[PDB]
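Here the structure comes first, spelled out in structure tokens, and everything after it is commentary.
In what follows, residues are counted from 1 in the order of the sequence shown. As the structure lists them, so they are numbered: ligands from 1, and atoms in each ligand from 1. Basis for what follows: all heavy atoms, side chains included, without hydrogens, waters or symmetry-related copies.
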Amino acid sequence: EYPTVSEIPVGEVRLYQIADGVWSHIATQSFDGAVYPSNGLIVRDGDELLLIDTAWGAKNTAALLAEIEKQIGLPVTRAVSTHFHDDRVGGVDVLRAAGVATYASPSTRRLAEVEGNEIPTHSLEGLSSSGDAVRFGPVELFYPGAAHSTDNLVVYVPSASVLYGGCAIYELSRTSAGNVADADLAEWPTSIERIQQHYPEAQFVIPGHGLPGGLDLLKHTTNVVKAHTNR
Ligand SMILES: O=C(N[C@@H](c1ccccc1O)P(=O)(O)O)c1scc2c1CCCC2
Ligand SMILES: [Mg+2]
Ligand SMILES: [Zn+2]
Ligand SMILES: [Zn+2]
């Protein structure tokens with residue numbers, strides 16, 4: 001049902017409808033001779049769409065916009081990037097050229113600039129302290145604390161009970177840590193517990209990469225992070 005790497009030729013994007021007015025977008029990138037999938041989210045708001053995260057690169061993100069137009073046919077008016085790495089902001093210049101207003105926390109914008117990555121235009125206030133949440137159109141944005149990165153956000157869609165964890169939440173099939181170069185391993189389990197406490201009613205949990213599941217992805221991620229901590 002949910003698409004996997006082998007179904008998606010590089011440069012193509014698939015959409016997967018999770019619930020009424022909520023999709024994930026799935027793309028792939030090649031790095032170091034392997035192929036990686038990546039997810040983001042699309043949430044309908046009235047007659048417009050909110051996009052969560054790029055499709056990891058300019059060409060993928062242009063394909064994402066073309067697929068949205070072909071399959072959904074509503075304008076993407078705003079986009080949020082959930083942390084500063086290229087799988088989240090790579091493609092922001094494509095979004096901007098297409099007239100999408102791009103957003104990230106000020107912490108994410110700063111880190112993206114230091115990294116030489118693309119920088120979303122607008123700064124999301126009210127997300128600087130662990131446990132902070134703000135409404136943004138049809139979603140709640142939540143800063144759980146440092147985890148995969150110090151700036152990582154998660155996104156909850158209340159009407160659909162969909163929680164998008166981004167790269168702070170791992171799919172079940174991943175049993176070792178990813179790239180954790182910018183992670184706060186010490187705080188990651190506490191940040192995951194904040195997500196659990198704030199969204200205990202979540203019915204669908206979307207990781208940054210790979211297959212959706214339920215809230216079980218949170219404790220799975222904590223297990224992987226603690227095992228890596230003790231490596
Ligand atoms: O987008 C990035 N990495 C994502 C990623 C996706 C699939 C497989 C591996 C992987 O690292 P992720 O770690 O954000 O999930 C990039 S690009 C340049 C860097 C990074 C991460 C930190 C070091 C410098
Ligand atoms: Mg941000
Ligand atoms: Zn990352
Ligand atoms: Zn990632």
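Judged purely by distance below 3.5 Å, without hydrogens or angles, the side chains of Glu201 and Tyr156 pair a donor atom with an acceptor atom. Between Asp151 and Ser107, the side chains place no donor N or O within less than 3.5 Å of an acceptor N or O (distance only, hydrogens not considered). Side chains of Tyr2 and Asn39: a donor on one and an acceptor on the other come within 3.5 Å.
Contact residues of ligand 1 (protein heavy atom closer than 4.0 angstrom to a ligand atom; sorted by chain and number): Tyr36, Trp56, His83, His85, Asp86, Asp87, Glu115, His148, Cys167, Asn179, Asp182, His209.
Pairs passing the side chain to side chain donor-acceptor pair (under 3.5 Å) check and including a residue from residues 176-189, sequence neighbours excluded, read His85-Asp182.
The distance cut-off of 2.8 Å around the Zn ion (ligand 3) captures these protein N, O or S atoms, sorted by chain and number: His83 NE2, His85 ND1, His148 NE2.
Residues satisfying the side chain to side chain contact (heavy atoms under 4.5 Å, CB included) criterion with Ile119, sequence neighbours excluded, are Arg109, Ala112, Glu113.
Screening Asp20, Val22, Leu15 for a side-chain contact (heavy atoms from CB on, under 4.5 Å) with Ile18, the sole residue that qualifies is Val22.
Smallest separation of non-hydrogen atoms from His220 and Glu171: NE2-O, 3.0 Å.
The line from CG of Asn117 to CZ of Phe84 is 7.5 Å long, rounded to the nearest 0.5 Å.
Note that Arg78 lies in the cation-pi zone of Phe136, set by a 6.0 Å cut-off to the ring centre and a 45° limit from the axis.
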